[PDB]
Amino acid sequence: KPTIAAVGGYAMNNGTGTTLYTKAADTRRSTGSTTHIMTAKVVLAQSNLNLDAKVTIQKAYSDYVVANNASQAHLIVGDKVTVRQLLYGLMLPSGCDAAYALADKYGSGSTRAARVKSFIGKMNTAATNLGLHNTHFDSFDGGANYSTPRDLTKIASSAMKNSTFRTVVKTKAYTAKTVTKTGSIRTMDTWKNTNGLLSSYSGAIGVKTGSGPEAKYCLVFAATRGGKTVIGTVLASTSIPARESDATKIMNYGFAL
């Protein structure tokens, strides 16, 4: 059994559900940007989902990232961006502006505030339907926003059942071509997936990085080797390189078990 820096860790065989590794696997901690996983999951499960539906980037999404020093996809105010493009913006560069846009689009309500609240409600309902008990969301991008290595792994496993989600999280780079106010096509700066495992770990296929002042360095990981898929989560590691290493050790351990 490997030693990891993270104070929370968990891994299982995605196909069988069998646990492969645990470390305070059911201890509630802050999730940071790993919350984006649930946001993507909820969006992809919407009955009225249209990946090609366009959303206009509101001034509010931009002001929000600045006011909260949040990670962003650099969405330009006035631009028309599709739900698909927003999903890449959410999962690769950890775009909280993309998260805001998606919550605004799929939440139910007459105001942005009402729709954001409704969307967060859907996130909690989603956790409930998964039979989770140690997860609560109070945001769409990450004290009332917490989870555990086990719960987050279950959430990710559920999301991975969607082919679109799988396609997005295994993508290393994506360049969105958005529609300008004048109707022209803008080639945005390329988005790179913040998950270094995609390039450092052979067989890596997901899932999502996360960080925060309270959550520290987190990472939900997945990889396939020899027809076996290991999926897991590390919470509160000490650095970006440390979280990547923690995940690498856990997956290597899980594959060798």
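Note that residue numbering begins at 1 and tracks the sequence as displayed.
The gap between residue 142 and residue 143 holds 1 to 3 unmodelled residues of the deposited sequence. Between 216-224 and 51-59, it is 51-59 that carries the larger average Cα temperature factor according to the deposited entry. Looking at mean Cα B-factors across 33-41 and 62-70, the upper value is held by 62-70. The PDB entry assigns its highest CA temperature factor, among 154, 166, 122, 133, to 133. Among 118, 128, 94, 148, the highest C-alpha B-factor recorded in the PDB entry belongs to 128. Annotation for residue 78: C-alpha temperature factor in the middle third relative to the rest of the modelled chain, per the entry.
Annotation for residue 190: CA B-factor lies in the middle third of the chain's modelled residues. Placement of the Cα temperature factor of residue 242 within the chain: highest third of the modelled residues, per the deposited record. Per the PDB record, residue ranking by Cα B-factor puts residue 112 in the middle third of the chain. Residue 85: CA B factor in the lowest third of modelled residues in this chain (values from the PDB entry).
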